[PDB]
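Asks: Protein chains in written order, with the deposited numbering: chain A, 224 to 260, 260A, 261 to 278; chain B, 1 to 177. What follows is a structure written as structure tokens; I'll ask about it next.
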Amino acid sequence: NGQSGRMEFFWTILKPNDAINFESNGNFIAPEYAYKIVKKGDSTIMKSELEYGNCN
Amino acid sequence: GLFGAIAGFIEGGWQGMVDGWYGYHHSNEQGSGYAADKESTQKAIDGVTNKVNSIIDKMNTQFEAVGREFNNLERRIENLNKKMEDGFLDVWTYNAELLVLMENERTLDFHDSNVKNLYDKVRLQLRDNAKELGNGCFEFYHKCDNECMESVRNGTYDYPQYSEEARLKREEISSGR
Ligand SMILES: *[C@@H]1O[C@H](CO)[C@@H](O[C@@H]2O[C@H](CO)[C@@H](O[C@H]3O[C@H](CO[C@H]4O[C@H](CO)[C@@H](O)[C@H](O)[C@@H]4O)[C@@H](O)[C@H](O[C@H]4O[C@H](CO)[C@@H](O)[C@H](O)[C@@H]4O)[C@@H]3O)[C@H](O)[C@H]2NC(C)=O)[C@H](O)[C@H]1NC(C)=O
Ligand SMILES: *[C@@H]1O[C@H](CO)[C@@H](O[C@@H]2O[C@H](CO)[C@@H](O[C@H]3O[C@H](CO)[C@@H](O)[C@H](O)[C@@H]3O)[C@H](O)[C@H]2NC(C)=O)[C@H](O)[C@H]1NC(C)=O
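Next comes the structure, spelled out in structure tokens:
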């Protein structure tokens, strides 16, 4: 995509009441938005080319 | 098949008996007719129904594939994941197919058994008060009306009550007509 540079992303799960500490000096790509895990349960990531069908 | 009754010494079934799997055809002066044996038919239905439910139920827990993804240097565990998941599909497929085949045999032989046993219920009731014809039928040595027919079909046939009439007939038969 026209770039010879590379971007490398990382992640962690930050428990409630815990904190995450960044320090940097360059080349940092900082967080803006993050995700609360609001509810957990059974799901899956299906691989399908299809789109939504209005059904149950 | 194994018991030699269905499509054996009784050759072919009755298109005109609709209210059961096994039963009777009777024939006397007052006519003819078909009649299911309710009790054997119900036991058969009970039997096959429990069997099918038991098959469904035992296959209830059984391997359920899950998608897992792997990167370009996890080719070995990606393969081990694939073969493993395939490994179970094959086992269960074998289990299902072979179960169907073995139980179909059992089911078909089950029915054969039910008909033999029904014939034999009649046989050991009548004894020499009737003549075994060899084709699934009995020919009485005495008159057996619609009421008497019902007694046979439901276990109530009284042998001593007709035994006298039977021995008298056998004597005429011996003279040759
Ligand atoms: C991310 O933020 C969270 C919220 O801001 C932080 O949670 C907090 O943890 C700290 C410990 O690091 C707690 O500090 C004090 O804990 C108790 C006081 O108890 C309080 O909470 C109780 C809840 O059960 C109440 O029942 C109490 O009445 C009271 O309100 C004390 O043991 C300490 O006070 C004493 O000690 C310190 C020295 O450590 C002195 O400086 C004080 O003056 C005093 O002498 C703790 O300070 C804090 O209570 C807690 N916050 C909440 C809302 O529960 C979390 O730690 C933070 N994460 C990181 C990684 O920093
Ligand atoms: C199995 O079926 C048999 C045939 O129905 C039945 O036997 C019958 O029972 C009674 C005996 O008391 C009689 O039924 C009635 O029939 C006529 C109707 O026209 C009446 O006029 C009679 O007086 C009589 O009360 C039948 O005669 C009798 N049949 C025979 C062949 O014995 C059995 O009871 C049934 N078995 C069971 C366990 O119930």
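Think of the CB as a built atom: it goes at the ideal place given N, C-alpha and C, for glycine as much as any other residue.
Mapping DSSP to helix, strand and coil, what is B/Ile55?
Replies: In the structure shown, B/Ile55 sits in a helix (DSSP, three-state: H, G or I).
Asks: For B/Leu126, which residues in the same chain have their Cβ closer than 8 Å to its Cβ, ignoring the five residues on either side in sequence?
Replies: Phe138, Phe140, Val152, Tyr157, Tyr159, listed in sequence order.
Asks: Hey, how far is the Cα of B/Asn146 from the Cα of B/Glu64?
Replies: Looking at the two C-alpha atoms, the distance is approximately 60 Å.
Asks: Between which two residues does the alpha helix (DSSP H) harbouring B/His111 extend?
Replies: Where B/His111 is concerned, the enclosing alpha helix (DSSP H) stretches over 75 to 126.
Asks: Is the segment 37 to 45 of chain B close to the segment 8 to 22 of chain B, with three or more CB pairs under 8 Å?
Replies: Judged by Cβ distances under 8 Å, the segment 37 to 45 of chain B makes contact with the segment 8 to 22 of chain B, as three or more pairs qualify.
Asks: Measuring only the C-alpha atoms, how far is B/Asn104 from B/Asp120?
Replies: If you take the alpha carbons of B/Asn104 and B/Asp120, they lie about 24 Å apart.
Asks: Please classify B/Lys131: does DSSP put it in a helix, a strand, or coil?
Replies: Note: B/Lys131 maps to strand in three-state DSSP.
Asks: What are the start and end residues of the alpha helix (DSSP H) that includes A/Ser227?
Replies: Taken as a continuous stretch (DSSP letters only), A/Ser227 belongs to no alpha helix (DSSP H), as it is neither H nor E.
Asks: So the alpha helix (DSSP H) B/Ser175 belongs to, where does it begin and stop?
Replies: That run of the alpha helix (DSSP H) goes 159 to 175.
Asks: From this set, B/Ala96, B/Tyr162, B/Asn135, B/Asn154, which residue's C-alpha is nearest residue 202 of chain B's C-alpha?
Replies: Outside the shown range of chain B, which is 1 to 177, sits residue 202 of chain B, and nothing can be said about it.
Asks: To test your reading of the DSSP string, which unbroken beta strand (DSSP E) runs of 3 or more residues are found completely within the segment 4 to 28 of chain B?
Replies: Correct list: 23 to 28.
Asks: Starting from B/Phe138, follow its DSSP beta bridges and name the residues at the other end.
Replies: Partner(s): B/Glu132.
Asks: Run the CB neighbour count on A/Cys277, radius 10 Å, all protein chains shown included, and call it buried at 16 or more, exposed below.
Replies: The residue is exposed, with fewer than 16 neighbouring Cβ atoms inside 10 Å.
Asks: Considering only their Cβ atoms, is the gap separating B/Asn81 from B/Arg68 smaller than 9 Å?
Replies: Result yes, Cβ atoms of B/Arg68 and B/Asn81 sit closer than 9 Å.
Asks: Can you give the Cα-Cα distance for B/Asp86 and B/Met59, rounded to whole angstroms?
Replies: Roughly 17 Å between the two C-alpha positions.
Asks: If you measure from each CB to the nearest heavy atom of ligand 1 and keep those under 7 Å, what residues do you get, in chain order?
Replies: Working through the chain, the matches are A/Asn240, A/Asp241, A/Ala242.
Asks: Please return the same chain residues whose Cβ sits closer than 8 Å to the Cβ of A/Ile252, not counting the five positions on each side in sequence.
Replies: Cβ within range, chain order: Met230, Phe232.
Asks: For ligand 2, list every residue whose C-beta falls under 6 Å from any of its heavy atoms, going in chain order.
Replies: Result (chain order): B/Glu147, B/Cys148, B/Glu150, B/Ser151, B/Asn154, B/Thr156.
Asks: For A/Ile260, count neighbouring C-beta atoms within 10 Å of its own C-beta (all shown protein chains included) and say buried if the count is 16 or more, exposed if not.
Replies: A/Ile260 comes out exposed.
Asks: Out of A/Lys261, A/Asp264, A/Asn244, point me to the one whose CA is closest to A/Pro254's CA.
Replies: Residue A/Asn244 is the option with its Cα nearest to A/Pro254.
Asks: Spatial neighbours of B/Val48 within its chain, please: CB distance less than 8 Å, with the 5 preceding and 5 following residues excluded, ordered by chain position.
Replies: Once the five neighbours on either side are set aside, the close Cβ partners of B/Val48 are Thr107, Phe110.
Asks: With burial defined as no fewer than 16 other Cβ atoms inside 10 Å of the residue's Cβ, what is the status of B/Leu73: buried or exposed?
Replies: With fewer than 16 other Cβ atoms within 10 Å, it is exposed.
Asks: Determine the extent of the beta strand (DSSP E) in which B/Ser32 is found, giving its start and end residues.
Replies: Its beta strand (DSSP E) spans residues 31 to 36.
Asks: Using 9 Å as the threshold, is the C-beta distance between B/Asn28 and B/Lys116 below it?
Replies: No, they are not a contact pair.
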